[PDB]
>>> print(open('target10.cif').read())   # mmCIF, C-alpha atoms and all ligand atoms
data_query
loop_
_atom_site.label_atom_id
_atom_site.label_comp_id
_atom_site.auth_asym_id
_atom_site.auth_seq_id
_atom_site.Cartn_x
_atom_site.Cartn_y
_atom_site.Cartn_z
CA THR Y 80 11.93 17.65 5.34
CA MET Y 81 10.31 14.44 4.10
CA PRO Y 82 10.68 12.80 0.67
CA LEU Y 83 8.11 13.22 -2.08
CA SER Y 84 5.43 10.77 -3.07
CA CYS Y 85 4.74 12.59 -6.37
CA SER Y 86 8.16 11.85 -7.82
CA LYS Y 87 9.62 10.73 -11.13
CA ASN Y 88 11.04 7.55 -9.58
CA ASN Y 89 7.71 6.53 -7.99
CA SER Y 90 4.20 5.47 -8.88
CA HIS Y 91 1.36 6.94 -6.85
CA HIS Y 92 -2.42 7.21 -6.69
CA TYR Y 93 -4.74 8.91 -4.26
CA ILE Y 94 -8.07 7.53 -3.05
CA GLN Y 95 -10.49 10.18 -1.79
CA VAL Y 96 -12.85 8.45 0.64
CA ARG Y 97 -14.49 11.56 2.14
CA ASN Y 98 -14.61 15.24 1.20
CA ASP Y 99 -11.31 16.02 2.99
CA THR Y 100 -9.32 12.87 3.76
CA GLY Y 101 -8.04 9.94 1.75
CA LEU Y 102 -5.28 7.42 1.15
CA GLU Y 103 -2.14 7.96 -0.95
CA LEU Y 104 -0.70 4.69 -2.28
CA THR Y 105 2.95 5.06 -3.35
CA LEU Y 106 5.24 2.54 -5.04
CA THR Y 107 8.79 3.60 -4.25
CA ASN Y 108 12.23 2.44 -3.25
CA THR Y 109 12.32 4.78 -0.21
CA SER Y 110 11.10 3.44 3.14
CA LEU Y 111 9.44 5.56 5.80
CA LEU Y 112 9.23 3.03 8.66
CA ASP Y 113 12.51 2.01 10.29
CA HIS Y 114 11.19 -0.69 12.61
CA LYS Y 115 9.46 -3.95 11.70
CA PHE Y 116 6.56 -3.69 14.16
CA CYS Y 117 2.83 -3.32 13.72
CA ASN Y 118 1.72 -2.77 17.34
CA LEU Y 119 -2.09 -2.97 17.08
CA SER Y 120 -3.03 -4.11 20.59
CA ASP Y 121 -5.39 -1.13 20.99
CA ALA Y 122 -8.83 -1.75 19.51
CA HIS Y 123 -9.07 1.76 18.04
CA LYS Y 124 -5.77 1.50 16.13
CA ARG Y 125 -6.60 -2.00 14.93
CA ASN Y 126 -9.85 -0.70 13.53
CA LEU Y 127 -8.27 2.29 11.72
CA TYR Y 128 -5.99 -0.19 10.01
CA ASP Y 129 -9.01 -2.28 8.97
CA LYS Y 130 -10.80 0.78 7.67
CA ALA Y 131 -7.94 2.18 5.60
CA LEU Y 132 -7.59 -1.22 3.95
CA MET Y 133 -11.31 -1.69 3.48
CA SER Y 134 -11.55 1.65 1.65
CA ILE Y 135 -8.84 0.47 -0.78
CA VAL Y 136 -10.55 -2.90 -1.34
CA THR Y 137 -14.00 -1.44 -2.07
CA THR Y 138 -12.84 1.36 -4.39
CA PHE Y 139 -10.57 -0.94 -6.38
CA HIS Y 140 -13.14 -3.80 -6.11
CA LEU Y 141 -10.35 -6.18 -5.09
CA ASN Y 142 -10.93 -9.93 -4.73
CA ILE Y 143 -7.83 -11.19 -2.93
CA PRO Y 144 -7.23 -14.96 -3.12
CA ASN Y 145 -6.51 -17.03 -0.03
CA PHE Y 146 -3.18 -18.77 -0.61
CA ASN Y 147 -1.87 -18.88 2.98
CA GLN Y 148 0.61 -16.16 2.02
CA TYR Y 149 1.68 -12.93 3.67
CA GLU Y 150 3.45 -9.73 2.70
CA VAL Y 151 6.10 -8.38 5.05
CA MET Y 152 4.66 -5.26 6.63
CA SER Y 153 5.25 -2.54 9.21
CA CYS Y 154 2.66 0.03 10.32
CA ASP Y 155 2.67 3.13 12.51
CA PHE Y 156 0.40 5.97 13.59
CA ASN Y 157 0.69 9.73 14.02
CA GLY Y 158 -2.34 11.02 15.92
CA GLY Y 159 -4.84 8.67 14.33
CA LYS Y 160 -3.20 8.84 10.89
CA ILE Y 161 -2.01 5.41 9.68
CA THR Y 162 1.17 4.73 7.69
CA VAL Y 163 1.40 1.22 6.24
CA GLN Y 164 4.56 -0.02 4.53
CA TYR Y 165 4.89 -3.29 2.59
CA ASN Y 166 8.40 -4.59 1.91
CA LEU Y 167 7.52 -6.28 -1.36
CA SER Y 168 8.79 -9.71 -2.44
CA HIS Y 169 8.00 -9.66 -6.15
CA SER Y 170 11.41 -9.13 -7.82
CA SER Y 171 11.28 -12.62 -9.39
CA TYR Y 172 8.55 -14.77 -10.86
CA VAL Y 173 8.89 -17.32 -8.06
CA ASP Y 174 8.61 -14.58 -5.43
CA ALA Y 175 5.61 -12.98 -7.15
CA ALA Y 176 3.82 -16.35 -7.14
CA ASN Y 177 4.43 -16.93 -3.42
CA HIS Y 178 3.17 -13.47 -2.35
CA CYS Y 179 0.13 -13.32 -4.65
CA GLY Y 180 -2.78 -13.70 -2.18
CA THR Y 181 -2.04 -10.35 -0.56
CA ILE Y 182 -3.60 -6.88 -0.62
CA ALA Y 183 -0.30 -5.56 -1.99
CA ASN Y 184 -0.54 -7.69 -5.13
CA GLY Y 185 -4.17 -6.77 -5.77
CA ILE Y 186 -3.26 -3.10 -5.43
CA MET Y 187 -0.30 -3.43 -7.79
CA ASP Y 188 -2.43 -5.23 -10.35
CA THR Y 189 -4.78 -2.24 -10.27
CA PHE Y 190 -1.84 0.09 -10.96
CA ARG Y 191 -0.68 -2.15 -13.82
CA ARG Y 192 -4.11 -2.26 -15.42
CA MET Y 193 -5.01 1.43 -14.94
CA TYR Y 194 -1.56 2.34 -16.41
CA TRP Y 195 -0.44 4.24 -13.38
CA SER Y 196 2.92 2.43 -13.55
CA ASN Y 197 5.29 0.91 -16.09
CA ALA Y 198 7.30 -1.27 -13.68
CA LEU Y 199 4.63 -3.86 -13.05
CA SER Y 200 4.45 -7.10 -14.95
CA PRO Y 201 2.52 -10.30 -15.01
CA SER Y 202 3.86 -13.46 -13.44
CA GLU Y 203 1.48 -16.30 -12.87
CA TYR Y 204 -2.20 -16.58 -13.51
CA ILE Y 205 -4.16 -18.50 -10.87
CA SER Y 206 -7.74 -18.42 -9.53
CA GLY Y 207 -8.63 -15.56 -11.87
CA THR Y 208 -5.83 -13.52 -10.29
CA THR Y 209 -2.63 -12.09 -11.78
CA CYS Y 210 0.49 -12.41 -9.66
CA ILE Y 211 2.50 -9.18 -10.14
CA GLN Y 212 6.25 -8.89 -10.59
CA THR Y 213 8.18 -5.67 -9.96
CA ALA Y 214 11.52 -4.28 -8.83
CA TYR Y 215 9.86 -1.72 -6.52
CA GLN Y 216 10.87 -2.48 -2.95
CA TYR Y 217 8.04 -0.76 -1.08
CA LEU Y 218 4.34 0.05 -1.39
CA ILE Y 219 3.29 2.82 1.01
CA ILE Y 220 -0.16 3.79 2.27
CA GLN Y 221 -0.84 6.93 4.31
CA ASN Y 222 -4.00 8.51 5.72
CA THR Y 223 -3.48 12.03 4.33
CA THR Y 224 -5.17 15.05 2.68
CA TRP Y 225 -5.35 16.04 -0.98
CA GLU Y 226 -3.08 19.05 -0.35
CA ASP Y 227 -0.36 16.87 1.24
CA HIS Y 228 -0.62 13.70 -0.83
CA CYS Y 229 2.51 14.57 -2.83
CA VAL Y 230 4.77 14.64 0.25
CA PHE Y 231 5.14 11.72 2.64
CA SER Y 232 3.53 12.65 5.96
CA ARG Y 233 5.56 12.06 9.08
CA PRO Y 234 4.81 8.50 10.30
CA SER Y 235 5.46 8.82 14.05
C1 LIG Z 301 -7.91 9.20 8.87
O1 LIG Z 301 -7.71 9.39 10.29
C2 LIG Z 301 -8.84 9.69 11.13
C3 LIG Z 301 -8.27 9.75 12.52
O2 LIG Z 301 -7.79 8.48 12.93
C4 LIG Z 301 -9.91 8.61 10.93
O3 LIG Z 301 -11.14 8.63 11.67
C5 LIG Z 301 -11.68 9.48 12.72
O4 LIG Z 301 -10.76 9.99 13.67
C6 LIG Z 301 -11.36 10.75 14.73
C7 LIG Z 301 -10.22 11.35 15.53
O5 LIG Z 301 -9.62 12.44 14.85
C8 LIG Z 301 -12.24 9.83 15.55
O6 LIG Z 301 -12.82 10.56 16.63
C9 LIG Z 301 -13.32 9.25 14.65
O7 LIG Z 301 -14.09 8.30 15.38
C10 LIG Z 301 -12.71 8.56 13.43
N1 LIG Z 301 -13.76 8.15 12.50
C11 LIG Z 301 -13.82 6.93 11.96
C12 LIG Z 301 -14.97 6.68 11.04
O8 LIG Z 301 -12.99 6.06 12.21
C13 LIG Z 301 -10.27 8.56 9.45
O9 LIG Z 301 -11.30 7.61 9.22
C14 LIG Z 301 -9.03 8.19 8.64
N2 LIG Z 301 -9.36 8.08 7.23
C15 LIG Z 301 -9.04 7.00 6.50
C16 LIG Z 301 -9.44 7.05 5.06
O10 LIG Z 301 -8.46 6.04 6.99
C1 LIG Z 302 14.20 0.01 -7.16
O1 LIG Z 302 15.32 -0.80 -6.68
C2 LIG Z 302 15.74 -1.91 -7.50
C3 LIG Z 302 16.97 -2.49 -6.83
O2 LIG Z 302 16.62 -3.28 -5.70
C4 LIG Z 302 16.02 -1.45 -8.93
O3 LIG Z 302 16.29 -2.58 -9.74
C5 LIG Z 302 14.82 -0.68 -9.48
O4 LIG Z 302 15.10 -0.22 -10.79
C6 LIG Z 302 14.51 0.50 -8.57
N1 LIG Z 302 13.40 1.27 -9.12
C7 LIG Z 302 13.36 2.61 -9.06
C8 LIG Z 302 12.15 3.25 -9.67
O5 LIG Z 302 14.26 3.27 -8.55
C1 LIG Z 303 1.67 -2.55 21.81
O1 LIG Z 303 1.75 -1.11 22.10
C2 LIG Z 303 1.69 -0.74 23.48
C3 LIG Z 303 1.75 0.77 23.52
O2 LIG Z 303 2.82 1.23 24.34
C4 LIG Z 303 2.85 -1.40 24.22
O3 LIG Z 303 2.78 -1.04 25.60
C5 LIG Z 303 2.76 -2.91 24.06
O4 LIG Z 303 3.84 -3.52 24.75
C6 LIG Z 303 2.78 -3.30 22.58
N1 LIG Z 303 2.62 -4.74 22.43
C7 LIG Z 303 3.55 -5.63 22.82
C8 LIG Z 303 3.20 -7.07 22.59
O5 LIG Z 303 4.61 -5.28 23.33
#
>>> encode(input="target10.cif", output="structure tokens")
Amino acid sequence: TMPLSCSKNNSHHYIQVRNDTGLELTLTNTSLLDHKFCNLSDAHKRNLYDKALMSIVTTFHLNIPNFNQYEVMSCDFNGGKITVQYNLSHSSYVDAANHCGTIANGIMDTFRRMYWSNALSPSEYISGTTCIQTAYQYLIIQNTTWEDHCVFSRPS
């Protein structure tokens, strides 16, 4: 049994990239990845990670600033299906500002502005970008299907 993505305590949205498969982005306080690794030494896994993230950037038309910043992250695969977990650092205004030039923040600002969440707030405005503040501890991405997007798929 795995926890739900479509829950009252979470925010979620599903990107359909092709007829069958897509990405489910989930803001939650439950984590699915125990470790803190992102073993991408194989070229094929490193490219599936690039492609999941590219499909989010193009659909949301994200323009991520370069601030020499970095969001804590673990990743993992289950038979070619990626699971990416960001351990967010945006609980304060200072933390939101220091983790602003990241894919996580651009995603969250899309949730805030499409009203898919109420727990996202503005912090600092810089370079035409909004730094997002939130109490959510994780942002989860999984390569999944439309029929399963409401339940977290097994990561490994
Ligand atoms: C979701 O996962 C699949 C599997 O990793 C991704 O792509 C295809 O996977 C098959 C193996 O089942 C490979 O033989 C193909 O070469 C892969 N195609 C591509 C274009 O990479 C699929 O792209 C993933 N979807 C998302 C949205 O990340
Ligand atoms: C997530 O966890 C933080 C505590 O770290 C809490 O303040 C926040 O309200 C929680 N949000 C949800 C939706 O449970
Ligand atoms: C990356 O994953 C492979 C798969 O087993 C593993 O052998 C390798 O040691 C990992 N990378 C590092 C630096 O350990």
>>> closest_atom_pairs(input="target10.cif", of="chain Y", to="ligand LIG 301 (chain Z)", cutoff="10 Å", atoms="only C-alpha atoms and all ligand atoms", output="Markdown table")
| residue | atom | partner | partner_atom | distance |
| --- | --- | --- | --- | --- |
| Y:94 | CA | Z:LIG301 | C16 | 8.2 |
| Y:95 | CA | Z:LIG301 | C16 | 7.6 |
| Y:96 | CA | Z:LIG301 | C16 | 5.8 |
| Y:97 | CA | Z:LIG301 | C16 | 7.4 |
| Y:99 | CA | Z:LIG301 | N2 | 9.2 |
| Y:100 | CA | Z:LIG301 | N2 | 5.9 |
| Y:101 | CA | Z:LIG301 | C16 | 4.6 |
| Y:102 | CA | Z:LIG301 | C16 | 5.7 |
| Y:103 | CA | Z:LIG301 | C16 | 9.5 |
| Y:123 | CA | Z:LIG301 | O8 | 8.2 |
| Y:124 | CA | Z:LIG301 | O2 | 7.9 |
| Y:126 | CA | Z:LIG301 | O8 | 7.6 |
| Y:127 | CA | Z:LIG301 | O10 | 6.0 |
| Y:128 | CA | Z:LIG301 | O10 | 7.4 |
| Y:129 | CA | Z:LIG301 | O10 | 8.6 |
| Y:130 | CA | Z:LIG301 | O10 | 5.8 |
| Y:131 | CA | Z:LIG301 | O10 | 4.1 |
| Y:132 | CA | Z:LIG301 | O10 | 7.9 |
| Y:133 | CA | Z:LIG301 | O10 | 9.0 |
| Y:134 | CA | Z:LIG301 | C16 | 6.7 |
| Y:135 | CA | Z:LIG301 | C16 | 8.8 |
| Y:156 | CA | Z:LIG301 | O2 | 8.6 |
| Y:157 | CA | Z:LIG301 | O2 | 8.6 |
| Y:158 | CA | Z:LIG301 | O2 | 6.7 |
| Y:159 | CA | Z:LIG301 | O2 | 3.3 |
| Y:160 | CA | Z:LIG301 | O1 | 4.6 |
| Y:161 | CA | Z:LIG301 | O1 | 7.0 |
| Y:162 | CA | Z:LIG301 | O10 | 9.7 |
| Y:220 | CA | Z:LIG301 | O10 | 9.8 |
| Y:221 | CA | Z:LIG301 | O10 | 8.1 |
| Y:222 | CA | Z:LIG301 | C1 | 5.1 |
| Y:223 | CA | Z:LIG301 | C1 | 6.9 |
| Y:224 | CA | Z:LIG301 | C1 | 8.9 |
>>> residues_around(input="target10.cif", residues="stretch 86-88 of chain Y", least_positions_apart="6", cutoff="12 Å", atoms="all atoms listed in the file", output="short mmCIF file (atom, residue, chain, number, x, y, z; two decimals) with C-alpha atoms, in the frame of the given file")
data_model
loop_
_atom_site.label_atom_id
_atom_site.label_comp_id
_atom_site.auth_asym_id
_atom_site.auth_seq_id
_atom_site.Cartn_x
_atom_site.Cartn_y
_atom_site.Cartn_z
CA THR Y 105 2.95 5.06 -3.35
CA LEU Y 106 5.24 2.54 -5.04
CA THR Y 107 8.79 3.60 -4.25
CA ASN Y 108 12.23 2.44 -3.25
CA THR Y 109 12.32 4.78 -0.21
CA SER Y 196 2.92 2.43 -13.55
CA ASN Y 197 5.29 0.91 -16.09
CA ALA Y 198 7.30 -1.27 -13.68
CA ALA Y 214 11.52 -4.28 -8.83
CA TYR Y 215 9.86 -1.72 -6.52
CA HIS Y 228 -0.62 13.70 -0.83
CA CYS Y 229 2.51 14.57 -2.83
CA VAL Y 230 4.77 14.64 0.25
CA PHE Y 231 5.14 11.72 2.64
#
>>> residues_near_ligand(input="target10.cif", ligand="ligand LIG 303 (chain Z)", cutoff="7 Å", atoms="all atoms listed in the file", output="number ranges by chain")
Y: 118-120
>>> write_last_selection(input="target10.cif", atoms="C-alpha atoms", output="PDB file, in the coordinates of the input")
ATOM      1  CA  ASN Y 118       1.720  -2.770  17.340  1.00  0.00           C
ATOM      2  CA  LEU Y 119      -2.090  -2.970  17.080  1.00  0.00           C
ATOM      3  CA  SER Y 120      -3.030  -4.110  20.590  1.00  0.00           C
TER       4      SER Y 120
END
>>> closest_residue(input="target10.cif", among="Y:206, Y:171, Y:232, Y:189", to="residue Y:139", atoms="all atoms listed in the file")
Y:189
>>> atom_distance(input="target10.cif", atom1="atom CA of residue Y:143", atom2="atom CA of residue Y:179")
8.4 Å
>>> atom_distance(input="target10.cif", atom1="atom CA of residue Y:154", atom2="atom CA of residue Y:83")
18.9 Å
>>> atom_distance(input="target10.cif", atom1="atom CA of residue Y:92", atom2="atom CA of residue Y:185")
14.1 Å
>>> closest_residue(input="target10.cif", among="Y:112, Y:104, Y:218, Y:81", to="ligand LIG 302 (chain Z)", atoms="only C-alpha atoms and all ligand atoms")
Y:218
>>> closest_residue(input="target10.cif", among="Y:233, Y:183, Y:177, Y:144", to="residue Y:207", atoms="all atoms listed in the file")
Y:144
>>> closest_residue(input="target10.cif", among="Y:142, Y:216, Y:209, Y:200", to="ligand LIG 302 (chain Z)", atoms="all atoms listed in the file")
Y:216
>>> closest_residue(input="target10.cif", among="Y:98, Y:235, Y:164, Y:213", to="ligand LIG 302 (chain Z)", atoms="only C-alpha atoms and all ligand atoms")
Y:213
